[PDB]
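Subsequent text provides structure tokens for two forms of one protein chain, presented individually as structure 1 and structure 2.
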Structure 1
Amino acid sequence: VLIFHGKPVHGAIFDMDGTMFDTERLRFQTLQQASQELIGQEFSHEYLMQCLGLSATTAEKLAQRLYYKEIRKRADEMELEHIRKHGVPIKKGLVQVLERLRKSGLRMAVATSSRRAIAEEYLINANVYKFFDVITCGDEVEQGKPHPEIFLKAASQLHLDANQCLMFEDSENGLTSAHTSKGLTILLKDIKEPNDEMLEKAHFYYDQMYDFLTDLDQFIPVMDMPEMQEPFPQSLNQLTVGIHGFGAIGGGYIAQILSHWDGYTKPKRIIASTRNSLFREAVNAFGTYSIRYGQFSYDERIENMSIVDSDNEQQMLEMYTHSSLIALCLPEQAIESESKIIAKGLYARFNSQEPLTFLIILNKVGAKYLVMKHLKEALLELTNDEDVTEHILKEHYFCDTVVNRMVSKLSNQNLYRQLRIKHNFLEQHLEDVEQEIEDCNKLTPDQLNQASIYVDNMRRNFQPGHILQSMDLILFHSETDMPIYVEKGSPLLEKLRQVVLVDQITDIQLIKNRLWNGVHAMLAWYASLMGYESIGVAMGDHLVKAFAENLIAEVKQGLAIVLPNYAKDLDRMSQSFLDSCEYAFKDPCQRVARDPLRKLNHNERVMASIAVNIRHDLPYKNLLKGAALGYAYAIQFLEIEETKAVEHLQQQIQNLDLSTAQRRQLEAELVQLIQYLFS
């Protein structure tokens, strides 16, 4: 029992033509063309506007009163032929509404003046027939629209009174039929500006189907955080979403968040950009990819993916124009170059005629600031107009995020290895197939012969892709951490299941940077130099875990002074980190120790902690070792020249907010400890 604007709703009855689909426009065009090639004289726009929401038999009465079977027969044939090519024109929001009303527990039906033969055809084609218990057509009804019989019979077969049921309609005739039934009427504008009589009759009015959805969703419960192996929604909405950077995070985390969505519907397509052409062509070839959750050996298939090239402009603009939500999953190095591609997409969005929710995924203190700064400079260079830029930057929701999940991208050699192995299975599967529907079961020889031609070329196309039932494409190794923490602002994020909304994101990002990402980087450098290629395996070493526990102590002692209000939560986050590290066997040290110099910056996870501890006379001995191991890793594994390492070290220590006495002591202690490791 749903309470819609303080009304006890038990069921819902929808009109098909003009309300659910945009078919009234089509038959408007076909009746004109059909009439021209039969009788010659086209139908007047007055006749067609009067015939809106009227049974073919009832419309034939108005045809004779003013002045049809053969005309309408060809008009219907033209109409359904348009559906065979271009599909059903489904009004935006329909699928989203239907699922919410279904899961609310409402007893739903369709009340269309169309024939059963035609009514079903479209409901089957649109894939919404499943949402309805009964359907009342313009055949079984004795007196059709605008008489309330069709709406009364619909409610009667649902075993509910009309007053308990909602009633959707586009037409003037149908709204009378709905109102005379004495149900909770809803009017959706299609191809008729509502009259005063129509506006009064209706209990609720909305400009579009999507406008009702927004009003309905404040009475529909928001679904809770998904569990690990929880299925995605079956029914797809008409919204697109983007992932700028099909990498570890984008493909191996965000794709799950977007696939779960609100738990009612799922985006039609997910457009993800990558420079990795092997990854791009591999996913487009398979159609899907899977995220491997190693802990529970669970392979999570993600579908409705379309991987595009980052350099190809027409596909990058396609994303930013048609997408409802974009996720920026790029490293700091790419932010400046790609801000040019983002600016063009946002300007292309403005040039075209909904608000955008822009998620920024980046491990950096003030991650948004960097993006917005580079985006503003990029936009101004292209637009040459400060009036349009300040509008664009204010229009869309640019959201800060905190991602705790550890994800790993598959190496190109291991992806080639996978492709080589899985190709040999396909080759053998195509030998197994090697090389007529008889019996004649309640079907004409015409249909049975026509069925054979369908089943043959279907098998011919599908049979090679039967192996995909067992065969997956594994591209990402992820841990089982679900909740992404995002800044408040965007109404869209309120309804997303996997998104948790927080306030002081800046305070969390700072602790995240220092206590999580900082300890993760420093132990990864220590582990790499000891000769571990796995975070999970490395934490098995008593020294590696002892070092991490020693670092955590020194960082938390510092943060507790800088953020005394968060001092309570440090022990929980520190323990949560070690747990995620302990069994991260498929998470490599390489990925965690990327860009060491960038991470050894004065305003970053290593040096920032050291500085705080020096100012407040706290121990920084283990932090100082990790800094030295950071430069040790940079010179030994990456080979960046020792001369540059000192020039960087000195530059960063010069930028640290310390006294010259502390600066020179820090440099002297750190350079001494670096030379100690190499000797």
Structure 2
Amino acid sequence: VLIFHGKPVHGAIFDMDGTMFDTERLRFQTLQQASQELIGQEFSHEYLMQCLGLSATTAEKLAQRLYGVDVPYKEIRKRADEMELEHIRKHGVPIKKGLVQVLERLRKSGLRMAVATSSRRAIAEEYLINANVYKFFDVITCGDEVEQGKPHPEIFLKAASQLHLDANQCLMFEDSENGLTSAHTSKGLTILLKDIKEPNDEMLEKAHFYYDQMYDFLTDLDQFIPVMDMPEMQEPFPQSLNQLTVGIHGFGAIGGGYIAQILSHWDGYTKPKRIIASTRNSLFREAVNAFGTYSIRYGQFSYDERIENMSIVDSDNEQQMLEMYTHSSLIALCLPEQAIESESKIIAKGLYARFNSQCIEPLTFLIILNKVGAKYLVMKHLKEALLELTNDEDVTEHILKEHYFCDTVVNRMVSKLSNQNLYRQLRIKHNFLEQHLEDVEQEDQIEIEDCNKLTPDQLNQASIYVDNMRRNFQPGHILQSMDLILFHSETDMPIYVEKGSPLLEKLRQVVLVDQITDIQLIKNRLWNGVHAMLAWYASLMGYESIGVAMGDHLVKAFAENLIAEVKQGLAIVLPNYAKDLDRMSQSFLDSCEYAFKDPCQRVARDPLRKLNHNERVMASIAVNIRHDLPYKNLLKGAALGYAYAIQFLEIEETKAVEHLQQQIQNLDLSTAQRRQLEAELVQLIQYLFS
């Protein structure tokens, strides 16, 4: 099924301690802590590095040589074991960075999987349950279930036979020398993972593949497992979390009501364990952190999408914002154009804090903004902010070169819910909590009848657990069928991002492009151009919102006919984006239908600039004329712009005609076509007067 370096892999057998979990470093720490308590002197780092691989008897004799014959080693070792379980049971088993990402890839590739550990069945199961990785494994082979343990191949041969597989059909993951010998001898595809101590030359010669850590194997495995397809609407997010944090600089409409979905989907195998989002909206921050989750409402399908693992912070709080730019692997900048200059300072501090931190991986920075050269604006202000802060030209330029700054194109209209509407929701939801809290003390009491399975010692202990759980969880049972709605968004999925960052290569809701130019030109002419031309027609007819205007057959007919003429043109110019034009065309018409909230004024701002020769309106006309396509609705659209400028913005008609003739001259058209286009357009402008 899964092909790994030209070898068919049907199985994956993992060692537990030192391979899956970082429990060798914990045993390293607990031995030092246990020594400090009892004998007073702390067992040297160097001694413990020497004990890696050696038996408990050999380790004791070494301790006796260094720290005297009467050193209570068995006492220190027994204490260290108590501290290990004590720590693991409350704080959780330390999982190697990359394991869950690897397991999901192997599992979704249809591999049967086992654990081959020298630990006891009882303790091995608790650890795999504690870590929440037991779900990935079909069978477990343990040291107390074999005649001869590692480095004898029995444990790996048995694990393989239990999965209905020959050893040579299985990947075998291992850290220790004895384990690798066991795995190699069994005949499996051995994968040696360095834990603490550098592996000797014999181990590196023996192993089929060697990696410095789990994440290096994940990078290699990613070459043999596919990037998943574009997520559909109402498609679940992954169940399994990785150890990565991601950031949304600006928890606004687009940040909370789109980017959160892309990050929640991630690569389809895992998703980030924490999504940090910044906002000065205190009501939004406290509300989300109170619920521990918010939801995005998709009106068209009446679907409420639960975005979990969210942590909302204050944009003004320095310690929280630096924590985002220090711990995040990917950050999405989702601010308006007129907030870039001010926010560039707190970004510069964030990237400087990351540079000073001992954070080690380059940051992927997505620029989310509906402007041409949006990246340029952010980078220009970020450059100044870094110089102003550090006063170090070498460090400033290092930061700008180190990280991946990605230009993007987004095609999803989103509406952030008002504070009045949120308060209304928080009031009605709080009511249900009181209605829920008034009939949970009606139940009352906790009882466990004669089980005739559990011992009376642990039967009493079971009652205490369920009692404690019931008290804490029961009040939050209402969250099952209760969503904190903060966003109303359309169903447009794909985000176009500049290719470069390795971290984007597996993101399934992302569409990678070598240069953003092409899709940004489409966004300009097909989306923003039509949106402006439609908004000019909406305003003159005297409709409050562009959504209300679609009720008029004239407006809706114009919109459908206008996208058609622009598409026909762009299909010849960019035939490699044929599927993207057809998708975006329909995505625009769907969103325009009930676009009530967002006004026409914002969309219709600066009509003269938008009617430039190389801009969204006039460029489309010139393309259609050159290739002899219908441009009658584009001509009508161009006229509405000059008409809007005169009536609403109070611009003189002389200024409109002066501007027009200059643009027509610049267009790459025949002398005949120029005069024809001028004569037709001026007649439409003088009609809309009356």
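Think of the rigid core as the biggest set of C-alphas that the two forms share within 1.5 Å after superposition. Residue numbering: structure 1 sequence, from 1.
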Query raised in the report: For the set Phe476, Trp261, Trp516, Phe212, which residue undergoes a C-alpha shift of 2 Å or more between structures 1 and 2, given alignment on the rigid core?
Result: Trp516
**Report entry** Per-residue C-alpha change between structures 1 and 2, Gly531, threshold 2 Å, rigid core fit
**Finding:** yes
**Report entry** Displaced residue check between structures 1 and 2: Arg74, CA, 2 Å or over, core reference
**Finding:** yes
Query raised in the report: Cα of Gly558 displaced 2 Å or more between structures 1 and 2, core superposed?
Result: yes
Query raised in the report: In Å, how large is the CA movement of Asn603 between structures 1 and 2 relative to the superposed rigid core?
Result: 10.9
Report summary line: Shift of the Cα of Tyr485 between structures 1 and 2 with the rigid core overlaid, in Å, rounds to 0.9
**Report entry** Cα displacement of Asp503 between structures 1 and 2, core-superposed (Å)
**Finding:** 3.5
